[PDB]
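One structure is given below, encoded as structure tokens.
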Number of protein chains: 4
Amino acid sequence: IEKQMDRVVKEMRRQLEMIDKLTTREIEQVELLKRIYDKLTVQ
Amino acid sequence: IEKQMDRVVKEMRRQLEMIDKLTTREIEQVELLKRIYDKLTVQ
Amino acid sequence: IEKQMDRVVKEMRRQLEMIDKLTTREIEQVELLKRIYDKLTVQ
Amino acid sequence: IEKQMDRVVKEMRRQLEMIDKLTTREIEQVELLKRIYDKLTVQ
Ligand SMILES: [Ca+2]
């Protein structure tokens, strides 16, 4: 159970890394959406 | 195992916070998209 | 440890529900993005 | 606790699959956004 639970902890931290990466990319989308909207308002 | 239980709980609280922030950013994104869509119809 | 691990399982299933909900909303964004792109190609 | 360990592992595998799918949909989304952005510049 000790080793099995140690694997669980490692796998959780791995999935947190995936979520952090996803978060950064989703923020990049907000920057693009804002830029697109501004271009339409300008036109 | 009580120590590793504490590690698991800690990681899960971190995950919850990150998922919660993904959800609030999703809201921001879709409402931008809907504005953009409105303007392409209006134009 | 039994009750503590039972709480962990419940909290995991709860976070899976959040992720499922987020997934559905993210798909809705793809539909909007596709529609926006088509409107530009049309114009 | 061995039974509850199996429940935890099962939920974590499900989560991984769902996060993985969120990441591939993110790719689809941003490349649509970039196309849209290109066209507003080109137009
Ligand atoms: Ca998105």
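Hydrogens, waters and symmetry mates play no part in the numbers below; they use all other heavy atoms, side chains included. Within every chain, numbering begins at 1; the chains are lettered A, B, ... in the order of the sequence lines, protein sequences first and strands thereafter.
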Output yes when a side-chain donor or acceptor of A/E11 lies under 3.5 Å from a complementary backbone atom of D/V9, and no otherwise. no

For D/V30 and A/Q29, the nearest pair of non-hydrogen atoms, with its separation, is N-NE2, 4.0 Å

Distance col, row A/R25:CZ vs D/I27:CD1, nearest 0.5 angstrom, shows 6.0 Å

Here the gap from A/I36 atom CD1 to D/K39 atom NZ, rounded to the nearest 0.5 Å, amounts to 11.5 Å

So OG1 of D/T23 and NZ of A/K21: to nearest 0.5 Å the spacing works out to 7.0 Å

Separation between CD1 (A/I19) and CD1 (D/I19), nearest 0.5 Å, reads 4.0 Å

CD1 of A/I1 to CE of D/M5, rounded to nearest 0.5 Å, is 8.5 Å

What I'd like to find out is whether the side chain of A/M18 reaches to under 4.5 Å of the side chain of D/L16, using heavy atoms alone. yes

Worksheet item: A/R35 and D/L40: side chain to side chain contact (heavy atoms under 4.5 Å, CB included), yes or no, with the steps?
Response: CA-CA 10 Å; A/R35 293 206 303 163; D/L40 286 174; over 6 Å; no

